[PDB]
file query.csv (CSV, C-alpha atoms)
chain,number,residue,atom,x,y,z
A,4,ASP,CA,5.1,143.1,154.5
A,5,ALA,CA,8.3,141.8,152.8
A,6,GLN,CA,7.0,142.2,149.2
A,7,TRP,CA,6.8,145.4,147.1
A,8,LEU,CA,3.8,147.6,147.8
A,9,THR,CA,0.9,147.0,145.4
A,10,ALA,CA,-0.5,149.9,143.3
A,11,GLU,CA,-3.5,149.9,145.7
A,12,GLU,CA,-1.3,150.0,148.7
A,13,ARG,CA,0.8,152.9,147.3
A,14,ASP,CA,-2.4,154.9,146.6
A,15,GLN,CA,-3.5,154.4,150.3
A,16,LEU,CA,-0.2,154.8,152.1
A,17,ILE,CA,2.1,157.2,150.2
A,18,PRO,CA,-0.2,160.2,150.0
A,19,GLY,CA,0.1,160.7,153.7
A,20,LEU,CA,3.8,160.4,153.7
A,21,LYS,CA,4.1,162.9,150.8
A,22,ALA,CA,1.9,165.2,152.8
A,23,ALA,CA,4.3,164.8,155.6
A,24,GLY,CA,7.2,165.9,153.4
A,25,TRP,CA,8.6,162.6,152.1
A,26,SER,CA,9.3,162.2,148.4
A,27,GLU,CA,9.8,159.2,146.1
A,28,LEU,CA,13.3,159.0,144.8
A,29,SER,CA,13.8,159.2,141.0
A,30,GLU,CA,16.4,156.5,140.7
A,31,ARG,CA,15.2,154.0,143.3
A,32,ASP,CA,11.9,152.6,144.6
A,33,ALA,CA,12.5,154.4,148.0
A,34,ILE,CA,11.2,157.3,150.0
A,35,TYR,CA,13.4,160.2,151.2
A,36,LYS,CA,13.1,163.1,153.7
A,37,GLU,CA,15.5,165.4,155.4
A,38,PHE,CA,14.9,166.3,159.1
A,39,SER,CA,16.4,169.5,160.6
A,40,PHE,CA,16.8,170.0,164.4
A,41,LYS,CA,18.1,172.7,166.6
A,42,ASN,CA,21.5,171.0,167.1
A,43,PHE,CA,23.3,167.7,167.1
A,44,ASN,CA,22.1,166.8,170.6
A,45,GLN,CA,18.4,166.9,169.4
A,46,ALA,CA,19.3,165.2,166.1
A,47,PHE,CA,21.1,162.2,167.7
A,48,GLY,CA,18.4,161.9,170.4
A,49,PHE,CA,16.0,161.5,167.5
A,50,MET,CA,18.4,159.0,165.8
A,51,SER,CA,18.6,156.9,169.0
A,52,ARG,CA,14.8,156.6,169.0
A,53,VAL,CA,14.8,155.5,165.3
A,54,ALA,CA,17.7,153.1,166.0
A,55,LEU,CA,15.6,151.5,168.8
A,56,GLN,CA,12.6,151.1,166.5
A,57,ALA,CA,14.8,149.7,163.7
A,58,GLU,CA,15.9,146.9,166.0
A,59,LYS,CA,12.4,146.4,167.3
A,60,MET,CA,11.1,145.8,163.8
A,61,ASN,CA,14.3,144.4,162.3
A,62,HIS,CA,14.3,146.9,159.5
A,63,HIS,CA,16.9,149.6,159.0
A,64,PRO,CA,17.2,153.0,157.3
A,65,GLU,CA,19.9,154.5,155.1
A,66,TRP,CA,20.8,157.8,156.7
A,67,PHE,CA,23.3,160.6,156.6
A,68,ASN,CA,23.9,163.0,159.4
A,69,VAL,CA,25.9,166.3,159.6
A,70,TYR,CA,25.3,168.1,162.9
A,71,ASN,CA,21.6,169.0,163.1
A,72,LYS,CA,20.6,167.5,159.8
A,73,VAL,CA,19.4,163.9,159.3
A,74,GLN,CA,18.7,162.7,155.8
A,75,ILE,CA,16.8,159.4,155.7
A,76,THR,CA,16.1,157.1,152.8
A,77,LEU,CA,13.8,154.1,153.3
A,78,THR,CA,13.7,151.0,151.1
A,79,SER,CA,14.0,147.2,151.5
A,80,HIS,CA,17.3,145.9,150.2
A,81,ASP,CA,16.1,142.3,150.5
A,82,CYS,CA,13.8,142.8,147.6
A,83,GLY,CA,15.0,146.0,146.1
A,84,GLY,CA,11.9,148.1,146.6
A,85,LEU,CA,9.4,149.8,148.9
A,86,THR,CA,7.6,147.5,151.3
A,87,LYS,CA,5.0,147.9,154.2
A,88,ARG,CA,8.1,147.8,156.5
A,89,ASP,CA,9.3,151.0,155.0
A,90,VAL,CA,5.9,152.7,155.4
A,91,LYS,CA,5.8,151.5,159.1
A,92,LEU,CA,9.3,152.8,159.8
A,93,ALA,CA,8.4,156.1,158.1
A,94,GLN,CA,5.3,156.5,160.3
A,95,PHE,CA,7.4,155.9,163.4
A,96,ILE,CA,10.0,158.4,162.3
A,97,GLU,CA,7.3,161.0,161.9
A,98,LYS,CA,6.2,160.4,165.5
A,99,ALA,CA,9.7,160.6,166.8
A,100,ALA,CA,10.4,163.8,164.9
A,101,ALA,CA,7.3,165.3,166.5
A,102,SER,CA,8.2,164.1,169.9
A,103,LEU,CA,5.2,161.7,170.1
B,4,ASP,CA,43.9,172.4,167.5
B,5,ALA,CA,41.7,174.8,165.5
B,6,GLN,CA,44.1,175.9,162.8
B,7,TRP,CA,44.9,174.0,159.6
B,8,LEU,CA,47.4,171.3,160.0
B,9,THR,CA,50.9,172.3,158.9
B,10,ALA,CA,53.1,170.1,156.7
B,11,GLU,CA,55.0,168.8,159.6
B,12,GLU,CA,51.9,168.0,161.6
B,13,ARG,CA,50.4,166.1,158.7
B,14,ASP,CA,53.5,164.0,158.3
B,15,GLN,CA,53.5,163.2,162.0
B,16,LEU,CA,49.8,162.4,162.4
B,17,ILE,CA,48.3,161.3,159.1
B,18,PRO,CA,50.5,158.3,158.3
B,19,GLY,CA,49.2,156.4,161.4
B,20,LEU,CA,45.6,157.0,160.4
B,21,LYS,CA,46.3,155.9,156.8
B,22,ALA,CA,47.9,152.7,158.2
B,23,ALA,CA,44.7,152.2,160.1
B,24,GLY,CA,42.6,152.5,157.0
B,25,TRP,CA,41.8,156.2,156.6
B,26,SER,CA,42.3,158.0,153.3
B,27,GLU,CA,42.5,161.6,152.1
B,28,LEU,CA,39.7,162.9,149.8
B,29,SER,CA,40.8,164.3,146.5
B,30,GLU,CA,38.3,167.2,146.2
B,31,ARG,CA,38.5,168.3,149.9
B,32,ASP,CA,41.1,168.5,152.7
B,33,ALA,CA,39.4,165.8,154.7
B,34,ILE,CA,39.9,162.2,155.8
B,35,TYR,CA,37.6,159.3,155.2
B,36,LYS,CA,37.0,155.7,156.3
B,37,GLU,CA,34.3,153.1,156.0
B,38,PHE,CA,33.8,150.9,159.1
B,39,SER,CA,32.2,147.5,158.8
B,40,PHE,CA,30.7,145.9,161.9
B,41,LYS,CA,28.9,142.6,162.4
B,42,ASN,CA,25.4,144.2,162.6
B,43,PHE,CA,23.5,147.4,163.4
B,44,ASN,CA,23.5,146.8,167.1
B,45,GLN,CA,27.4,147.0,167.1
B,46,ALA,CA,27.3,149.8,164.5
B,47,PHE,CA,24.9,152.0,166.4
B,48,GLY,CA,26.6,151.3,169.8
B,49,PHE,CA,29.8,152.5,168.1
B,50,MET,CA,28.0,155.6,166.7
B,51,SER,CA,26.7,156.4,170.2
B,52,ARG,CA,30.2,156.4,171.6
B,53,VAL,CA,31.3,158.7,168.7
B,54,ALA,CA,28.3,161.0,169.3
B,55,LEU,CA,29.2,161.4,172.9
B,56,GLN,CA,32.8,162.3,172.0
B,57,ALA,CA,31.5,164.7,169.3
B,58,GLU,CA,29.7,166.6,172.0
B,59,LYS,CA,32.6,166.4,174.4
B,60,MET,CA,34.9,168.0,171.7
B,61,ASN,CA,32.1,170.0,170.0
B,62,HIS,CA,33.4,168.6,166.7
B,63,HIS,CA,31.1,166.6,164.5
B,64,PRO,CA,31.5,163.9,161.8
B,65,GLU,CA,29.8,163.8,158.4
B,66,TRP,CA,28.6,160.2,158.4
B,67,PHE,CA,26.4,157.7,156.6
B,68,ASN,CA,25.1,154.5,158.0
B,69,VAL,CA,23.2,151.5,156.5
B,70,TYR,CA,22.9,148.5,158.9
B,71,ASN,CA,26.5,147.4,159.7
B,72,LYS,CA,28.3,150.0,157.6
B,73,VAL,CA,29.4,153.4,158.8
B,74,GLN,CA,31.2,155.8,156.5
B,75,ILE,CA,32.9,158.7,158.2
B,76,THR,CA,34.3,161.9,156.7
B,77,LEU,CA,36.2,164.3,159.0
B,78,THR,CA,37.1,167.9,158.3
B,79,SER,CA,36.8,171.2,160.1
B,80,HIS,CA,34.1,173.3,158.3
B,81,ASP,CA,35.0,176.4,160.4
B,82,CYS,CA,38.3,176.8,158.5
B,83,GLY,CA,37.6,174.5,155.6
B,84,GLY,CA,40.4,172.0,156.2
B,85,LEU,CA,42.0,169.4,158.5
B,86,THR,CA,42.9,170.4,162.0
B,87,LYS,CA,44.1,168.5,165.1
B,88,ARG,CA,40.5,168.2,166.1
B,89,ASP,CA,39.9,165.9,163.1
B,90,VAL,CA,43.0,163.9,164.0
B,91,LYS,CA,41.9,163.5,167.7
B,92,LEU,CA,38.4,162.5,166.7
B,93,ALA,CA,39.7,159.9,164.2
B,94,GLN,CA,42.0,158.5,166.9
B,95,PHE,CA,39.0,158.2,169.3
B,96,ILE,CA,37.0,156.5,166.5
B,97,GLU,CA,39.7,153.9,166.1
B,98,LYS,CA,39.5,153.0,169.8
B,99,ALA,CA,35.7,152.9,169.8
B,100,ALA,CA,35.8,150.7,166.7
B,101,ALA,CA,38.2,148.2,168.3
C,4,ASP,CA,11.0,131.6,176.8
C,5,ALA,CA,8.2,133.2,178.8
C,6,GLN,CA,7.5,130.7,181.5
C,7,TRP,CA,9.5,130.4,184.8
C,8,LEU,CA,12.8,128.5,184.4
C,9,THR,CA,12.5,124.9,185.6
C,10,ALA,CA,15.0,123.4,188.0
C,11,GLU,CA,16.8,121.7,185.1
C,12,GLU,CA,17.0,124.9,183.0
C,13,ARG,CA,18.4,126.8,186.0
C,14,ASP,CA,21.1,124.2,186.5
C,15,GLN,CA,22.0,124.3,182.8
C,16,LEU,CA,22.0,128.1,182.3
C,17,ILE,CA,22.6,129.9,185.5
C,18,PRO,CA,26.0,128.5,186.5
C,19,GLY,CA,27.7,130.0,183.5
C,20,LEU,CA,26.3,133.4,184.3
C,21,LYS,CA,27.4,133.1,187.9
C,22,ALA,CA,30.9,132.2,186.7
C,23,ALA,CA,30.7,135.4,184.7
C,24,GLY,CA,29.9,137.5,187.8
C,25,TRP,CA,26.1,137.4,188.0
C,26,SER,CA,24.4,136.7,191.3
C,27,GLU,CA,20.8,135.7,192.4
C,28,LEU,CA,18.9,138.1,194.6
C,29,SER,CA,17.7,136.8,198.0
C,30,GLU,CA,14.3,138.6,198.1
C,31,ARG,CA,13.4,138.2,194.4
C,32,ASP,CA,13.8,135.5,191.7
C,33,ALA,CA,16.2,137.7,189.7
C,34,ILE,CA,19.8,137.9,188.7
C,35,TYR,CA,22.1,140.9,189.2
C,36,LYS,CA,25.5,142.2,188.2
C,37,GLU,CA,27.5,145.4,188.5
C,38,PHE,CA,29.6,146.3,185.5
C,39,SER,CA,32.6,148.7,185.7
C,40,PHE,CA,33.9,150.4,182.6
C,41,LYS,CA,36.7,152.9,182.1
C,42,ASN,CA,34.3,155.9,181.9
C,43,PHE,CA,30.8,157.1,181.0
C,44,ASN,CA,31.5,157.1,177.2
C,45,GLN,CA,32.2,153.3,177.4
C,46,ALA,CA,29.4,152.8,179.9
C,47,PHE,CA,26.7,154.6,177.8
C,48,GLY,CA,27.9,153.0,174.6
C,49,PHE,CA,27.3,149.7,176.3
C,50,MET,CA,23.9,150.8,177.6
C,51,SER,CA,23.0,151.9,174.0
C,52,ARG,CA,23.7,148.3,172.8
C,53,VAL,CA,21.7,146.8,175.6
C,54,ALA,CA,18.8,149.3,174.9
C,55,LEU,CA,18.8,148.2,171.2
C,56,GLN,CA,18.6,144.5,172.3
C,57,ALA,CA,15.9,145.3,174.9
C,58,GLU,CA,13.7,146.6,172.1
C,59,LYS,CA,14.6,143.8,169.8
C,60,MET,CA,13.5,141.3,172.5
C,61,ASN,CA,10.8,143.5,174.1
C,62,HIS,CA,12.5,142.6,177.4
C,63,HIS,CA,13.8,145.4,179.6
C,64,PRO,CA,16.4,145.6,182.4
C,65,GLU,CA,16.2,147.4,185.7
C,66,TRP,CA,19.4,149.4,185.7
C,67,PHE,CA,21.2,152.1,187.6
C,68,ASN,CA,24.2,154.1,186.2
C,69,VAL,CA,26.6,156.6,187.7
C,70,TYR,CA,29.5,157.5,185.4
C,71,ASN,CA,31.4,154.3,184.7
C,72,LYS,CA,29.2,151.9,186.8
C,73,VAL,CA,26.1,150.1,185.5
C,74,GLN,CA,24.1,147.9,187.9
C,75,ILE,CA,21.7,145.5,186.1
C,76,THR,CA,18.9,143.5,187.6
C,77,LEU,CA,17.1,141.0,185.3
C,78,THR,CA,13.7,139.4,185.9
C,79,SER,CA,10.4,138.9,184.1
C,80,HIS,CA,7.8,141.1,185.7
C,81,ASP,CA,5.0,139.5,183.6
C,82,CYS,CA,5.3,136.3,185.5
C,83,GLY,CA,7.3,137.5,188.5
C,84,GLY,CA,10.4,135.3,188.1
C,85,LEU,CA,13.4,134.3,185.9
C,86,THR,CA,12.7,133.1,182.4
C,87,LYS,CA,14.8,132.2,179.4
C,88,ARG,CA,14.4,135.9,178.2
C,89,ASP,CA,16.4,137.0,181.3
C,90,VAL,CA,19.1,134.4,180.5
C,91,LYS,CA,19.3,135.5,176.8
C,92,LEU,CA,19.5,139.2,177.7
C,93,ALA,CA,22.2,138.5,180.3
C,94,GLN,CA,24.2,136.6,177.7
C,95,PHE,CA,23.9,139.5,175.2
C,96,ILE,CA,25.0,141.8,178.0
C,97,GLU,CA,28.1,139.8,178.5
C,98,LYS,CA,29.1,140.0,174.9
C,99,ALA,CA,28.4,143.8,174.8
C,100,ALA,CA,30.4,144.3,177.9
C,101,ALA,CA,33.4,142.5,176.4
D,4,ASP,CA,30.7,176.1,189.4
D,5,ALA,CA,32.6,173.4,191.2
D,6,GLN,CA,31.9,174.6,194.7
D,7,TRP,CA,28.7,174.2,196.8
D,8,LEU,CA,25.9,176.6,196.0
D,9,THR,CA,25.7,179.5,198.4
D,10,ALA,CA,22.6,180.4,200.4
D,11,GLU,CA,22.0,183.2,197.9
D,12,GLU,CA,22.4,180.9,194.9
D,13,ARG,CA,20.0,178.4,196.3
D,14,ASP,CA,17.4,181.0,196.8
D,15,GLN,CA,17.7,182.1,193.2
D,16,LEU,CA,18.1,178.8,191.5
D,17,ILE,CA,16.2,176.0,193.4
D,18,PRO,CA,12.7,177.6,193.4
D,19,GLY,CA,12.5,177.2,189.7
D,20,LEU,CA,13.5,173.6,189.8
D,21,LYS,CA,11.1,172.9,192.7
D,22,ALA,CA,8.4,174.5,190.6
D,23,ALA,CA,9.4,172.1,187.8
D,24,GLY,CA,9.0,169.0,190.1
D,25,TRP,CA,12.5,168.5,191.5
D,26,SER,CA,12.9,167.9,195.2
D,27,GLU,CA,15.8,168.2,197.6
D,28,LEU,CA,16.7,164.8,199.0
D,29,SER,CA,16.5,164.4,202.8
D,30,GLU,CA,19.8,162.5,203.2
D,31,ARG,CA,22.0,164.1,200.6
D,32,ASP,CA,22.7,167.6,199.3
D,33,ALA,CA,21.2,166.6,195.9
D,34,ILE,CA,18.1,167.1,193.8
D,35,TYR,CA,15.8,164.3,192.6
D,36,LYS,CA,13.0,163.9,190.0
D,37,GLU,CA,11.3,161.0,188.3
D,38,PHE,CA,10.3,161.3,184.6
D,39,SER,CA,7.7,159.2,183.0
D,40,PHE,CA,7.4,158.6,179.3
D,41,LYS,CA,5.0,156.7,177.0
D,42,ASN,CA,7.4,153.8,176.7
D,43,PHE,CA,11.1,152.7,176.8
D,44,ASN,CA,11.8,154.0,173.3
D,45,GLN,CA,10.9,157.6,174.4
D,46,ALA,CA,12.6,157.1,177.7
D,47,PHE,CA,15.9,156.0,176.2
D,48,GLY,CA,15.8,158.7,173.5
D,49,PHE,CA,15.6,161.1,176.4
D,50,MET,CA,18.5,159.4,178.2
D,51,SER,CA,20.6,159.6,175.0
D,52,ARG,CA,20.1,163.4,174.9
D,53,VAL,CA,21.0,163.7,178.6
D,54,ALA,CA,24.1,161.4,178.0
D,55,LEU,CA,25.3,163.7,175.2
D,56,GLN,CA,25.0,166.8,177.5
D,57,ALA,CA,26.7,165.0,180.3
D,58,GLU,CA,29.8,164.5,178.1
D,59,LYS,CA,29.5,168.0,176.7
D,60,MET,CA,29.7,169.5,180.2
D,61,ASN,CA,31.7,166.7,181.8
D,62,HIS,CA,29.2,166.3,184.6
D,63,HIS,CA,27.2,163.1,185.1
D,64,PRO,CA,23.8,162.1,186.7
D,65,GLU,CA,22.9,159.2,189.0
D,66,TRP,CA,20.0,157.5,187.3
D,67,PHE,CA,17.7,154.5,187.5
D,68,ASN,CA,15.6,153.3,184.6
D,69,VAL,CA,12.8,150.7,184.3
D,70,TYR,CA,11.0,150.7,181.0
D,71,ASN,CA,9.3,154.1,180.7
D,72,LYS,CA,10.5,155.5,184.1
D,73,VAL,CA,13.7,157.5,184.6
D,74,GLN,CA,14.7,158.5,188.1
D,75,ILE,CA,17.4,161.1,188.2
D,76,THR,CA,19.5,162.3,191.1
D,77,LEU,CA,21.9,165.2,190.6
D,78,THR,CA,24.8,166.0,192.9
D,79,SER,CA,28.6,166.6,192.6
D,80,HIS,CA,30.6,163.8,194.0
D,81,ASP,CA,33.9,165.7,193.7
D,82,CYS,CA,32.8,167.9,196.6
D,83,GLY,CA,29.8,166.0,198.1
D,84,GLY,CA,27.1,168.6,197.4
D,85,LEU,CA,25.0,170.6,195.0
D,86,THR,CA,26.9,172.8,192.6
D,87,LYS,CA,26.1,175.2,189.6
D,88,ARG,CA,26.9,172.2,187.4
D,89,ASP,CA,24.0,170.3,188.9
D,90,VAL,CA,21.6,173.2,188.3
D,91,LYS,CA,22.8,173.5,184.7
D,92,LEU,CA,22.3,169.8,184.0
D,93,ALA,CA,18.9,169.9,185.6
D,94,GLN,CA,17.8,172.8,183.4
D,95,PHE,CA,19.0,170.9,180.3
D,96,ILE,CA,17.1,167.8,181.4
D,97,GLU,CA,13.9,169.9,181.7
D,98,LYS,CA,14.4,171.0,178.1
D,99,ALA,CA,15.0,167.5,176.9
D,100,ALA,CA,12.0,166.2,178.7
D,101,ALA,CA,9.9,168.9,177.1
D,102,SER,CA,11.4,168.2,173.6
D,103,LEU,CA,13.1,171.6,173.4
call {"tool": "encode", "arguments": {"input": "query.csv", "output": "structure tokens"}}
result
Amino acid sequence: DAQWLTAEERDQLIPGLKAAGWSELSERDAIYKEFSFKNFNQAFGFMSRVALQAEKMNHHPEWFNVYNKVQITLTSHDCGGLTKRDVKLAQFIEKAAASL
Amino acid sequence: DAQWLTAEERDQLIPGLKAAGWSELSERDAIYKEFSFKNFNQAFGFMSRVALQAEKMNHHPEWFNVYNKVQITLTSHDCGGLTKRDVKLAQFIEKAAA
Amino acid sequence: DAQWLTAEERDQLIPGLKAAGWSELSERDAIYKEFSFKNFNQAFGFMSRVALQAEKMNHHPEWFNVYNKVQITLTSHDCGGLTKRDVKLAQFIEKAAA
Amino acid sequence: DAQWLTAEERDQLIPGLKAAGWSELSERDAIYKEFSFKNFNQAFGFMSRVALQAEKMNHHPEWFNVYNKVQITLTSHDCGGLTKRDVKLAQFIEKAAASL
């Protein structure tokens, strides 16, 4: 999905992400979550998996990393809002963070 | 190097990095530079090379990435300032970016 | 492309790759090339770029690595032969290696 | 350790690796193990972690990858045999494969 999520889609997709720890940013139609690992080795291994998925689906995250911390913000710049692509990427990220 | 850069060291090593595009932050004793690649494939390949060097040196960057852009801030948190480790990592980053 | 390369396609696309250092295996319809970098940092950075492209194309290489060396064999297992996917991945590999 | 493992060291270090699935190659003083993941994404994420450790310890593996399979052979070419460095790398690899 390249268009903004509908009210119905948000009610059916966001609750699960919120339950997983993601939050909706106050200033942008985007979701955000910070992941913490044991060290940089584990953090970057995680980032490499996310990077691979980003190229597989042609959708990229905004992210900041400092050693074992990875802060991720997902939104679609081509339309300026949250799309199904962001939800899909978030779901993959949760799998990667859980080693699944 | 693990100790803060002396005045002489800064004069000898920082100008080259500034000529290469790095700048010194005003609120912190740290250097910064935004790199712009063609796409994320190039950007992450570059990040992977920097990540390898980070573990080789046990010195890590503070960095942000969005598609083809990579913003890097370097400083030594252990002593709260710039050290030769930051200079060496920045020099490696320049080679990897080229 | 997902179907086996035709005679015309092979004549049009393979010579360039051979000029670049790729060779055709004798026991399989596949192309091969060993890349030699300066070190593992360069080699793995290169591998990371190829890995990203592999997932973008959903087409994977058969590769071996030891420090600065990376041996790559390309073929399409789905049909047991060379396809345009192999040619396109090889061309990307050439750019990444440069 | 940059020298070959002693008979004593082999008796105290190899059993654990054998128990983990590693085997001693017949033609070389090296250890070998094949790892299988769900897909290439997981396999390469694993490889990135191993790559990071290889640069951290300045010791590199011989490895072959085809999609979800990663075959790893560990030995020290600077002396032509198995060293403490190979054991250390093997132990890290086991952690990475287990997501630890």
call {"tool": "atom_distance", "arguments": {"input": "query.csv", "atom1": "CA of residue 53 in chain D", "atom2": "CA of residue 72 in chain C"}}
result
16.5 Å
call {"tool": "interface_residues", "arguments": {"input": "query.csv", "of": "chain C", "to": "chain D", "cutoff": "7 Å", "atoms": "all atoms listed in the file", "output": "ChimeraX atom specification"}}
result
/C:63-70
call {"tool": "residues_around", "arguments": {"input": "query.csv", "residues": "range 11-18 of chain A", "least_positions_apart": "3", "cutoff": "12 Å", "atoms": "all atoms listed in the file", "output": "list in words"}}
result
residues 4, 6, 7, 8, 21, 22, 23, 24, 25, 26, 27, 32, 33, 34, 35, 85, 86, 87, 88, 89, 90, 91, 93 and 94 of chain A
call {"tool": "interface_residues", "arguments": {"input": "query.csv", "of": "chain C", "to": "chain B", "cutoff": "8 Å", "atoms": "all atoms listed in the file", "output": "list in words"}}
result
residues 44, 45, 47, 48, 49, 51, 52, 55 and 56 of chain C
call {"tool": "residues_around", "arguments": {"input": "query.csv", "residues": "residue 89 in chain C", "least_positions_apart": "4", "cutoff": "7 Å", "atoms": "all atoms listed in the file", "output": "MDAnalysis selection string"}}
result
chainID C and resid 77:79 85 93
call {"tool": "write_last_selection", "arguments": {"input": "query.csv", "atoms": "C-alpha atoms", "output": "compact mmCIF listing (two decimals), keeping the file's coordinate frame"}}
result
# COMPACT_ATOMS: atom_id res chain seq x y z
CA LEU C 77 17.10 141.00 185.30
CA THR C 78 13.70 139.40 185.90
CA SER C 79 10.40 138.90 184.10
CA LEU C 85 13.40 134.30 185.90
CA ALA C 93 22.20 138.50 180.30
call {"tool": "atom_distance", "arguments": {"input": "query.csv", "atom1": "CA of residue 23 in chain B", "atom2": "CA of residue 94 in chain B"}}
result
9.7 Å
call {"tool": "decode", "arguments": {"input": "query.csv", "residues": "range 43-66 of chain C", "atoms": "N, CA and C atoms", "output": "PDB file, in the first residue's frame"}}
result
ATOM      1  N   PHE C  43      39.555  -8.147   4.227  1.00  0.00           N
ATOM      2  CA  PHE C  43      38.211  -8.630   4.524  1.00  0.00           C
ATOM      3  C   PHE C  43      37.226  -7.471   4.700  1.00  0.00           C
ATOM      4  N   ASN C  44      37.693  -6.336   5.215  1.00  0.00           N
ATOM      5  CA  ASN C  44      36.794  -5.197   5.389  1.00  0.00           C
ATOM      6  C   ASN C  44      36.196  -4.830   4.024  1.00  0.00           C
ATOM      7  N   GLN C  45      37.048  -4.681   3.008  1.00  0.00           N
ATOM      8  CA  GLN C  45      36.577  -4.368   1.656  1.00  0.00           C
ATOM      9  C   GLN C  45      35.735  -5.519   1.106  1.00  0.00           C
ATOM     10  N   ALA C  46      36.213  -6.744   1.301  1.00  0.00           N
ATOM     11  CA  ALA C  46      35.503  -7.916   0.792  1.00  0.00           C
ATOM     12  C   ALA C  46      34.102  -8.068   1.371  1.00  0.00           C
ATOM     13  N   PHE C  47      33.965  -7.927   2.687  1.00  0.00           N
ATOM     14  CA  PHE C  47      32.644  -8.090   3.275  1.00  0.00           C
ATOM     15  C   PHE C  47      31.739  -6.898   2.980  1.00  0.00           C
ATOM     16  N   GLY C  48      32.323  -5.710   2.827  1.00  0.00           N
ATOM     17  CA  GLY C  48      31.512  -4.553   2.491  1.00  0.00           C
ATOM     18  C   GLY C  48      30.883  -4.816   1.132  1.00  0.00           C
ATOM     19  N   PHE C  49      31.681  -5.394   0.239  1.00  0.00           N
ATOM     20  CA  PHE C  49      31.252  -5.760  -1.106  1.00  0.00           C
ATOM     21  C   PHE C  49      30.173  -6.840  -0.984  1.00  0.00           C
ATOM     22  N   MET C  50      30.420  -7.847  -0.152  1.00  0.00           N
ATOM     23  CA  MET C  50      29.435  -8.904   0.020  1.00  0.00           C
ATOM     24  C   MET C  50      28.108  -8.354   0.537  1.00  0.00           C
ATOM     25  N   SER C  51      28.170  -7.358   1.414  1.00  0.00           N
ATOM     26  CA  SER C  51      26.950  -6.770   1.950  1.00  0.00           C
ATOM     27  C   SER C  51      26.133  -6.095   0.845  1.00  0.00           C
ATOM     28  N   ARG C  52      26.813  -5.442  -0.094  1.00  0.00           N
ATOM     29  CA  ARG C  52      26.121  -4.776  -1.198  1.00  0.00           C
ATOM     30  C   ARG C  52      25.491  -5.827  -2.108  1.00  0.00           C
ATOM     31  N   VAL C  53      26.196  -6.932  -2.324  1.00  0.00           N
ATOM     32  CA  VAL C  53      25.664  -7.998  -3.165  1.00  0.00           C
ATOM     33  C   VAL C  53      24.486  -8.682  -2.471  1.00  0.00           C
ATOM     34  N   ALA C  54      24.575  -8.842  -1.151  1.00  0.00           N
ATOM     35  CA  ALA C  54      23.499  -9.461  -0.379  1.00  0.00           C
ATOM     36  C   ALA C  54      22.223  -8.619  -0.478  1.00  0.00           C
ATOM     37  N   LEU C  55      22.370  -7.297  -0.403  1.00  0.00           N
ATOM     38  CA  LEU C  55      21.222  -6.402  -0.517  1.00  0.00           C
ATOM     39  C   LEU C  55      20.565  -6.566  -1.885  1.00  0.00           C
ATOM     40  N   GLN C  56      21.388  -6.617  -2.931  1.00  0.00           N
ATOM     41  CA  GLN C  56      20.894  -6.771  -4.298  1.00  0.00           C
ATOM     42  C   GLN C  56      20.244  -8.140  -4.483  1.00  0.00           C
ATOM     43  N   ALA C  57      20.808  -9.154  -3.831  1.00  0.00           N
ATOM     44  CA  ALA C  57      20.270 -10.510  -3.910  1.00  0.00           C
ATOM     45  C   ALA C  57      18.836 -10.535  -3.385  1.00  0.00           C
ATOM     46  N   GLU C  58      18.584  -9.829  -2.286  1.00  0.00           N
ATOM     47  CA  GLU C  58      17.230  -9.790  -1.747  1.00  0.00           C
ATOM     48  C   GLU C  58      16.327  -8.887  -2.581  1.00  0.00           C
ATOM     49  N   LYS C  59      16.897  -7.852  -3.189  1.00  0.00           N
ATOM     50  CA  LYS C  59      16.096  -6.977  -4.034  1.00  0.00           C
ATOM     51  C   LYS C  59      15.597  -7.758  -5.258  1.00  0.00           C
ATOM     52  N   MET C  60      16.467  -8.600  -5.811  1.00  0.00           N
ATOM     53  CA  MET C  60      16.148  -9.408  -6.993  1.00  0.00           C
ATOM     54  C   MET C  60      15.574 -10.782  -6.663  1.00  0.00           C
ATOM     55  N   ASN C  61      15.727 -11.204  -5.415  1.00  0.00           N
ATOM     56  CA  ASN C  61      15.316 -12.535  -4.987  1.00  0.00           C
ATOM     57  C   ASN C  61      16.061 -13.543  -5.865  1.00  0.00           C
ATOM     58  N   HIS C  62      17.362 -13.316  -6.002  1.00  0.00           N
ATOM     59  CA  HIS C  62      18.236 -14.174  -6.795  1.00  0.00           C
ATOM     60  C   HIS C  62      19.553 -14.198  -6.032  1.00  0.00           C
ATOM     61  N   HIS C  63      19.949 -15.386  -5.591  1.00  0.00           N
ATOM     62  CA  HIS C  63      21.141 -15.528  -4.771  1.00  0.00           C
ATOM     63  C   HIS C  63      22.355 -16.208  -5.373  1.00  0.00           C
ATOM     64  N   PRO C  64      23.546 -15.738  -4.991  1.00  0.00           N
ATOM     65  CA  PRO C  64      24.793 -16.305  -5.495  1.00  0.00           C
ATOM     66  C   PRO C  64      25.233 -17.516  -4.689  1.00  0.00           C
ATOM     67  N   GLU C  65      26.132 -18.290  -5.279  1.00  0.00           N
ATOM     68  CA  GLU C  65      26.744 -19.418  -4.595  1.00  0.00           C
ATOM     69  C   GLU C  65      28.114 -18.795  -4.390  1.00  0.00           C
ATOM     70  N   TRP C  66      28.502 -18.517  -3.154  1.00  0.00           N
ATOM     71  CA  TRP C  66      29.802 -17.901  -2.964  1.00  0.00           C
ATOM     72  C   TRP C  66      30.621 -18.378  -1.789  1.00  0.00           C
TER      73      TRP C  66
END
